[PDB]
Amino acid sequence: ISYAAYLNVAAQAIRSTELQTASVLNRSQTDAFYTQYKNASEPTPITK
Amino acid sequence: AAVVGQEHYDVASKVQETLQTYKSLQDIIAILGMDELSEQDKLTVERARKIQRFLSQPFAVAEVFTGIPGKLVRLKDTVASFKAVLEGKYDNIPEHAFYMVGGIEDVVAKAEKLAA
Amino acid sequence: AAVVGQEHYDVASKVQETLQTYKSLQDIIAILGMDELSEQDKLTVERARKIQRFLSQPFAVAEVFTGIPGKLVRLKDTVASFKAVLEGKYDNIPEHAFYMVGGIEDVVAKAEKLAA
Amino acid sequence: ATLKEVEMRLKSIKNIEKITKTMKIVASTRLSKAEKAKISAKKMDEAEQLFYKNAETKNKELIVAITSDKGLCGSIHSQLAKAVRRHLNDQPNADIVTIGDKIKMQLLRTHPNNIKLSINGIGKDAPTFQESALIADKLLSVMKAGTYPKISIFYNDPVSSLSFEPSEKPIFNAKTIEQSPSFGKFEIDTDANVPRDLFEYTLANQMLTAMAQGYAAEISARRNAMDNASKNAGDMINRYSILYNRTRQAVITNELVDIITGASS
Amino acid sequence: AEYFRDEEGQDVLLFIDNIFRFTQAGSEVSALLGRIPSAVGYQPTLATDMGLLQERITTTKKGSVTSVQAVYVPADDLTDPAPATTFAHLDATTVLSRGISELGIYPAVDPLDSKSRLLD
Amino acid sequence: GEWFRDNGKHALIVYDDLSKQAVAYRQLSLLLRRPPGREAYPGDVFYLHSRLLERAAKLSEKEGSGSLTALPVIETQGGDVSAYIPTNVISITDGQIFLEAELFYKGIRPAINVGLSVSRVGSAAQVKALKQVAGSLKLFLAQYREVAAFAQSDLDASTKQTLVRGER
Amino acid sequence: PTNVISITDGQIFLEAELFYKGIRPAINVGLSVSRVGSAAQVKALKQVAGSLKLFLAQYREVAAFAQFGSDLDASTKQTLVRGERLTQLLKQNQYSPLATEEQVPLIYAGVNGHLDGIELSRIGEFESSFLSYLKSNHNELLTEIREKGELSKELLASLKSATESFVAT
Amino acid sequence: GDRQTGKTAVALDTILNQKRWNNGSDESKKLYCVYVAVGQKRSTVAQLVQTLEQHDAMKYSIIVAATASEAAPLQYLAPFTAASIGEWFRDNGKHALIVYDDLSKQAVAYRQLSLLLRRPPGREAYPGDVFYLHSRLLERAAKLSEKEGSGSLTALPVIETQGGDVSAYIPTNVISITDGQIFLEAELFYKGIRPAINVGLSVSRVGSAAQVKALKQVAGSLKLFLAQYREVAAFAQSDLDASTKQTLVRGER
Amino acid sequence: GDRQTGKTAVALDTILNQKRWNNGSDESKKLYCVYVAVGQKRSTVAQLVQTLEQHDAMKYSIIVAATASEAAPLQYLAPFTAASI
Amino acid sequence: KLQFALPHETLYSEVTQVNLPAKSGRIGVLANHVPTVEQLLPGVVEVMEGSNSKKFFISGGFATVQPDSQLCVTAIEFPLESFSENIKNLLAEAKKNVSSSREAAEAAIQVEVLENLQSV
């Protein structure tokens, strides 16, 4: 796993410790899609 | 209200509000987009779009105009059928399967028709 | 067409359409800038602004009042000049260049003057 | 007729004025969060920049660009498009990763060959580390980012809280980090692969900052635009109001003529 | 007022209520008299009637009447002839408003819509 | 009404609708060939309506402390409050109530839009109790109108608070 | 104008702006109505132009939305694209009428989406060429439409196939 | 333009400016100027008279008066009568000028008379011979030929644009008769330009063979330049090239 | 729709398509067409007849005319007498 | 000095002691330290400006003493984690999850963070 993916998981994991914040949860939840492209042609948008 | 049936009135009031909201929200969708409509607003819009075409039904005198034989849908049946939509029992039915057809039973049948 | 020829008629048709478009987007442009409108249309709009300015020619009788010696250009030349402009070949030069002058050649030359 | 079509159009203009006003207010609300983010992010970035400066690190290639899903933010989308196009002269073969729908659409038109990866669902949200990290993870794998010893990112720097200048910067690849003039004062370790880690880390950390800057410029521009919109609508109100008043008088006159004509007989 | 001015040498101040309703009343009498109602209903003798009224209010060498009139603009349409004719006679306008009263300021007169042709 | 009023009693007379009364006067005038006023409605219709509407009044105590309250009804021509008969009547009347069609559709049935309702005598006669508990209400609703159009996403707490109070 | 409108069985509103826009002859199809309605028009041509009204009506709504430059979903842009092609189809040369036998194919192509595919600029080329192709090859098809004036299954299939064969000109 | 924006003042300045030639030694440089006051407060006119006598110009000028109170037929005949006086100077060949303030109010007077003569109402209820009246009036003011001893009688007629609606029937009718117009822009008048004569909508159709050669040379192309200022300030409300800035800075100055 | 924006031309197009049946043997689809021109100048009418002769449809066409010059009673009577034909 | 920034917010700001768990074991910084780049591991960190000490739980990042004695620490998401058995339950789910899949990395992180929680 890539270092920044690893760290991302670490940050996310670290926010759930026992206590929570909405802004925290918002900072740790994102809805996005890799609208995959190709040299025009688009492989299907795989969710982030 | 009570004269046309308290239930009938309330259902029809809900329909009217739903439609009135939809007409106003068309302007919001027009410039701003549909992104500024909340989930609740979006559900009201989806119901209105379905209702708008649930109203669409053929008539015997548009066998001549079209060919479809009219749908004589009794008042009691209509109150029920519209009530169902509002309850969201047939919000699992496509908008075009509300279009130009009869009552709720028919709407279900046309859902099957689009389905296969 | 075939009264003034198909080629003339085609050239004129495009001008009419272009100018009508330009008039059509006058509202939208005013309420919100051209950068918030489609890029393709923005080219059309810029072309049309040029065409409008191109249409001015000083008068050869009100030379005093205009303050510029008049311009009368051959009909055969005129068709050629507009054809080029519609293909935007020489379009890349100021609105001022297009304004109050004769032929395409004059516009180009006046662009050189303006550039200096 | 005249009267109703005037009146309806004037009503439209009024409603537009109200909407552009409304939009401007909501834009302000959003703007506060946006600016706050840009500060915190930039401070973090500056901590990294301290390294890059002191290291004097420096340095196909990647192009990444960012403009939100949403439009009517002004010319953020198209000023950035123009500035991408300028550096697309420089390297025509560079692979453009388009972050958000507006930059996606415009760049996709000028060259679709470049578009290999594109994202969506970024613009509506305020930038978050989660996005950057995952995008970064995909950037390495999908774009083979490491293959390109040059990476470059485009965003909109919010020059003033009334202006935006589209800007680009170069992300430091692991090759660059290796050969950085000063690197000896900094302690490397054979039990670390600090180029391969720092590259990855600054890919995201820089990108998040770029996103925060972009988002702030976008929302700021939108506020400015929506304010200017309200003004344009006001002018339209005034011209149609004069017309309305004139039209009212005219109707009375036309009606009067009918009465007179009747009376004369 | 003229007895006061001319024959008691007084300065007087003459309030009038709606001069819209002065016009309106005149318009009706005109129509009743069968004279062709001129544009926007108002009497064809609109100008002349104002001329007598607003030139009998003046500074004589004995006194001077001064007149404050109330103009009930119909929909604020100043382009309507009755307001226009009034504004021609008027020398100053004091533009009272409720917005100003709501800023606590009584005098409730608009600061930049109050204008006079005597302020010079 | 005068008999009741004259006896010192009180009563409420609702003239519904003076617009059709106007039409009748128009019919009379046209048939008598007397020229019809502005917007083809008789010229001295103002005089007639005003005469009628001024026979409704709160008499003095030497006149036996009585009244004839009145509430004339004018039918708008598709919400047109500009038109010779509306403008005239608006001038005569002291107060207006302006019902709003949008509100009717939006389920305020009966529908009243209190922005365009006005009272020019208003609270001068009001229940004292009702005065106490209703100054706030005018202001709250006023704010609610302004923040109505800010109810279309990311909302400030103050506006959102106003919006909640106003909707309820 | 009010008086005549009542009298007639239908009204054929024309629009000046659309004339300049290039739909010449220019028909204001929004206000072109027949209160009495249709039943006189070739049976074949009736079959083909069935959803032409729906497409155009949808196009009108869609077009208004589209010029705000607001984000449009693909469904609206299917309509928009289709609508645009239809508009280009409508335009016709002055003093040149077109036989119904050769209007049935063009409407078939459009409604069966073949036209919707091919690009806006070359619609005029497609129209001319398609007709030429039918004149060359499916001249039997044209003869049959002329002769029988209602489309059989065989004609519909033949026509579908013909359009497919010449789909990209 | 719009009344009482010191509409009167523009004319006063002209009469006063030409005081040095009206107190000149050549009577073919002395304009004998006639002020026709139609539809004006008798008090205001009396103050105007005092202004003229303060600027000591009254002795070369006539005042004809048809105040607001004065009878509507008299008001109708008021410019025509004044022009008869004007023609005597003109037919002495001697220079003269006549200012008709405000012919728009004369139109209303003739309207009253016409309506009471039961002539059928024209556009905006103004009688159909309103054109005939104005054209007849205007064409009695002239620069005669050398044969006739070149009798100038310079007409300046002041039209009161209600709401600045210049499409209006009475204004358009006047515009078509008059040689040039001196449109005044109210917004600018208010906005500190005094006098605020917008030059985008002011024209003169034979002025370009009137004023001295010095004022042709120095003033050459300034009309173009300040109609470049109009263009520049059209698009001023974004990017400005140094060329654009130069024009804008010059234009504003 | 708005005047003379090829207002005439729409109608003429119909006449041209009536060539296909009219020229055709189908006499039950043969429409003899009557073009009524009211209030139009002689030159306009003359141009039209030239167009009709050019398309040689002037054999089944009747043009009943009452030009602007031609009397107001005759113009009033002109639609009704065209109807009789 | 020692300066720590984070993407939501960061504050740090000469002879002070930082105690760090780094991809170099544990490192202590006291005043000037050699200029270094160290990858910060998911860590429990103590920072002491003067003798006063503030204790931070850190999600990994980077640590870099600059030559100008600016200890640039960049980390993501807080010693707030000290509020703290749902993380143990989540580690059990995550362990199961490794069988299917990123989940392996997640569970590794869960153990590391759980260890860090146990330390605090």
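Entry numbering is not used for residues: they are numbered from 1 along each chain in the order the sequence is written, which may differ from it, and residues without coordinates are omitted. The lettering of chains begins at A and the numbering of ligands begins at 1, in the order of writing. Working note: chains shown belong to a larger assembly, and all values are for the shown part only. The basis for every side-chain value is the complete set of heavy atoms in the structure, and neither hydrogens nor water enter the calculation. Residues with missing side-chain atoms are left out of burial classes, side-chain pairs and their counts.

- This deposited entry lists cryo-EM as its structure determination method and 5.8 Å as its resolution.

### Re the overall build of chain H
Okay, step 1: Counting its regular elements, chain H contains twelve helices and six strands.
Okay, step 2: Only C-alpha atoms enter the radius of gyration, while the globule expectation follows 2.2 Å times N to the 0.38, with N the number of residues. The C-alpha atoms of chain H give a radius of gyration of 20 Å, which matches the 18 Å a tight globule of 253 residues would have.
Okay, step 3: For chain H, the C-alpha atoms occupy an extent of roughly 65 × 50 × 40 Å along the three principal directions. In this description a helix means any DSSP run of H or I spanning at least four residues, a strand means any run of E spanning at least two, and both kinds are numbered starting from the N terminus.

### Side note on the overall build of chain E
Okay, step 1: Assigned secondary structure in chain E consists of five helices and four strands.
Okay, step 2: The secondary structure elements of chain E, listed N-terminal to C-terminal, are α-β-α-α-β-α-β-α-β.
Okay, step 3: For chain E, the spread of C-alpha atoms along the principal axes amounts to about 50 × 40 × 25 Å.
Okay, step 4: Counting only contacts in chain E whose residues sit at least 6 apart along the sequence, the fraction spanning at least 24 positions is 57%. Throughout, a contact is declared for two residues whenever any of their heavy atoms are within 4.5 Å.

### Some thoughts on the interface of chain A and chain D
Okay, step 1: At the interface, ten residues of chain A touch nine residues of chain D.
Okay, step 2: The nonpolar class holds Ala, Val, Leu, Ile, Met, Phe, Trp, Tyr, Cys and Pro. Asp, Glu, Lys and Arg form the charged class, and all remaining residues, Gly among them, are polar. Residues belonging to the side of chain A that touches chain D are distributed by class as follows: five nonpolar, three polar and two charged.

### Some points on the arrangement of the chains
Okay, step 1: When the nine pairs of chains in contact are compared, the highest contact count belongs to chains A and D.
Okay, step 2: Contact between chain E and chain G is absent, and the least distance between their C-alpha atoms amounts to 27 Å.
Okay, step 3: Nothing in chain B touches chain H, and the closest approach of their C-alpha atoms is 24 Å.

### Re the interface of chain D and chain J
Okay, step 1: Each partner contributes to the interface: chain D provides five residues, whereas chain J provides six residues.
Okay, step 2: The residue inventory of the side of chain D that touches chain J, partitioned by class, reads two nonpolar, one polar and two charged.

### Focus: the UniProt feature "binding site: ATP" in chain H
Residue and element names in this part refer to chain H.
Okay, step 1: UniProt positions are given in the numbering used here, feature names are shortened, and annotations may be inferred rather than shown by experiment. UniProt marks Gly-1, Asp-2, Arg-3, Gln-4, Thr-5, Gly-6, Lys-7 and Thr-8 with the feature "binding site: ATP", using the numbering shown here.
Okay, step 2: By the secondary structure assignment, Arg-3 is in the segment before helix 1 (7–17).
Okay, step 3: Within the fold, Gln-4 resides in the segment before helix 1.

### Some thoughts on the pairing of strand 1 (residues 32–38) of chain H
Residue and element names in this part refer to chain H.
Okay, step 1: Strand direction decides the pairing type here: strand 1 and strand 3 (residues 96–101), joined by six bridges, are parallel. Its bridge partner lying in strand 3, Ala-37 is registered against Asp-101.
Okay, step 2: Any two strands are treated as partners once DSSP identifies two or more bridges connecting them. Across six bridges, the pairing between strand 1 and strand 2 (residues 61–66) is parallel. Paired with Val-36 across the bridge in strand 2 is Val-64.
Okay, step 3: Regarding topology, helix 3 (residues 42–54) serves as the crossover connection from strand 1 to the parallel strand 2, and that connection is right-handed. Here the term right-handed applies to a crossover when the path leading from its first strand over the helix to its second strand runs clockwise, the strands being oriented away from the viewer.

### Things to note about the sheet that holds strand 3 of chain H
The strands that make up a sheet pair up through hydrogen bonds in the backbone, lying either parallel or antiparallel.
Residues and elements named next belong to chain H.
Okay, step 1: Sheet architecture is open: four strands sit in the order 2-1-3-4, paired in parallel fashion. Pairing within the sheet leaves two strands with one partner each, and these edge strands are strand 2 and strand 4 (154–158). Sheet twist, expressed as the average angle between the axes of neighbouring strands with direction ignored, equals 10°. Lines fitted to C-alpha atoms define the axes here, with helix axes fitted over just the stretch in contact, and angles between the N-to-C directions of these axes take values from 0 to 180 degrees.

### Quick notes on unusual backbone geometry
Generally, phi is negative for residues other than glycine and the peptide bonds are trans, each holding for most cases.
Okay, step 1: That bond from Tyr-106 of chain E to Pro-107 of chain E is cis: its omega, 0°, falls within 30 degrees of zero.
Okay, step 2: On the secondary structure map, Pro-107 of chain E appears in the loop between helix 5 (98–101) and strand 4 (115–116).
Okay, step 3: The omega angle of the peptide bond from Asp-101 of chain H to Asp-102 of chain H is 0°, so this bond is cis rather than trans.
Okay, step 4: Turning to its location among the elements, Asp-102 of chain H is positioned in the loop between strand 3 and helix 5 (103–116).
Okay, step 5: At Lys-58 of chain D, a residue that is not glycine, the phi angle is positive and equals roughly 75°.
Okay, step 6: Position of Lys-58 of chain D relative to the elements: it lies in the loop between helix 1 (3–54) and strand 1 (62–66).
Okay, step 7: Backbone geometry at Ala-125 of chain H places phi at a positive 70°, although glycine is not the residue there.
Okay, step 8: Locating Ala-125 of chain H in the fold gives a position in the loop between helix 5 and helix 6 (130–138).

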